[PDB]
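Read through the structure below, which is laid out as structure tokens, and then see the notes.
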Amino acid sequence: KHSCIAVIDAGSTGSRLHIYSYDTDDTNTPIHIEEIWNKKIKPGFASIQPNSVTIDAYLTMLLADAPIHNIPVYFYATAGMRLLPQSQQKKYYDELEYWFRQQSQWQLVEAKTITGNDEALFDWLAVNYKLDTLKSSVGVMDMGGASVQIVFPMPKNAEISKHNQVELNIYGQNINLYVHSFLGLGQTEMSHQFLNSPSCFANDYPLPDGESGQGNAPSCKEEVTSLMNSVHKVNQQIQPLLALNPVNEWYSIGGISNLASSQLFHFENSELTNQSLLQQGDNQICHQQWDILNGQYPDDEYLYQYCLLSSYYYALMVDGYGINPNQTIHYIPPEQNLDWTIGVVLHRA
Ligand SMILES: CCN(CC)c1ncnc2c1ncn2[C@@H]1O[C@H](COP(=O)(O)OP(=O)(O)C(Br)(Br)P(=O)(O)O)[C@@H](O)[C@H]1O
């Protein structure tokens, strides 16, 4: 009845199979993309032993019960696998290539670790698809666990790396995008640099070094800005490009959308500003007595991190990207299930 494609998102914490049915319009672009099946397994691919028994157990658990035969499959790993040397990755892909050759139910089209730029492309396509803006300047930011992505329209520029630019034609229109991924600036990886910063945690929160939190979002933001700008040079790379290529609307996916959906934060219309984010983080968490807070919200296991995270998002978007602290940032809410793999259907199916 419809075309079908499978995309496996092999992420740092788990792998997620998505089977989509779609139709194609007369520009040769997928439409009516529907997720018909879904399977999620932990831990991440890069966290299992790369031998046949382990890979077989893992992929069987992921795929065996799929209600669909003879479908093309894309196996796309992201930041978790990017953290591994090429020679380690090879062990996984040798086993995986062999496993798929033993299954005629699944036609492996590609298995690879996509670059963060690739992932930025798919992010942009996925968001703009959900927003129905694709047949129509929309910027997308993905705040992931290990890497962060930014992507916005920008005219082809021969003085910028080809790796940071993508040309595509979508619903009949030629598009050029600037794409950038910062590996290490994802919230989990970045957090590992700041666990002993008392400025980044609720008062009396027990830091690993035996010291106590003493939260202050402006100070915590400054510490994080050092990693963004002194180490990753985010400001130098992104700000001159945004000054010249203004974005009309920002959309964010990933961790922002989770934090903004917490009980401790108040945001309407699935949008926020950096100023409000930082202020609420500073008041509700950074300067808050930890034990009292923890007692009031005992189920939220991300709570302890909200001072750091609010400071980190502001640092990234404001001090890094140069986004105005009062500029509206839309976020796709967690309930909505927007997935970057929708971008792969658009681009590759
Ligand atoms: C009550 C408020 N909740 C609970 C919902 C939350 N509050 C704050 N952060 C949350 C969160 N739930 C999840 N996160 C974090 O969101 C960040 C990025 O999310 P993502 O989903 O975007 O991370 P990602 O990069 O795609 C992942 Br799954 Br780590 P993989 O590499 O593909 O496996 C990750 O680092 C998560 O740890």
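Counting only helices (runs of 4 or more DSSP H) that fall entirely inside the stretch 245-349 and contain at least 3 residues that are within 13 Å of the ligand (Cβ to nearest atom) and in the same structural domain as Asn196 (by CATH), the qualifying elements are 255-259, 306-314.
Selection of the stretch 124-147 for residues being among the polar types (S, T, N, Q) and assigned to a helix (DSSP H, G or I) yields only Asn128.
Considering the stretch 138-179, the residues that are within 10 Å of the chain's Cα centre (by Cα) and polar (S, T, N, Q) include one that is nearest to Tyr331 (Cα to Cα), namely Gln149. On the stretch given as the stretch 146-171, residues that are within 16 Å of the ligand (Cβ to nearest atom) and within 21 Å of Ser270 (Cα to Cα) total 4. Within the stretch 190-211, the set of residues being crowded, with 20+ Cβ neighbours inside 10 Å, assigned to a helix (DSSP H, G or I) and within 16 Å of the ligand (Cβ to nearest atom) comprises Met190, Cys200.
Within the stretch 220-241, the set of residues being outside any helix (DSSP H, G or I) and surrounded by fewer than 17 Cβ atoms within 10 Å (Cβ to Cβ) comprises just one member, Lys233.
Please tell me if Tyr251 is in contact with a strand residue (DSSP E or B) (Cβ under 7 Å, 6 or more places away or on another chain) and surrounded by 24 or more Cβ atoms within 10 Å (Cβ to Cβ).
It is true that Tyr251 is in contact with a strand residue (DSSP E or B) (Cβ under 7 Å, 6 or more places away or on another chain) and surrounded by 24 or more Cβ atoms within 10 Å (Cβ to Cβ).
For the stretch 212-219, indicate whether the set of residues that are touching a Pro at 6+ places or on another chain (Cβ under 6 Å) and assigned to a loop (DSSP other than H, G, I, E, B) is non-empty. Yes; the residues of the stretch 212-219 include at least one that is touching a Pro at 6+ places or on another chain (Cβ under 6 Å) and assigned to a loop (DSSP other than H, G, I, E, B).
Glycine gets a Cβ as well: all are built from the backbone with ideal geometry, and neighbour counts include every protein chain shown. What is reported rests on the model, the rules as stated and the sources as named; these are not laboratory values.
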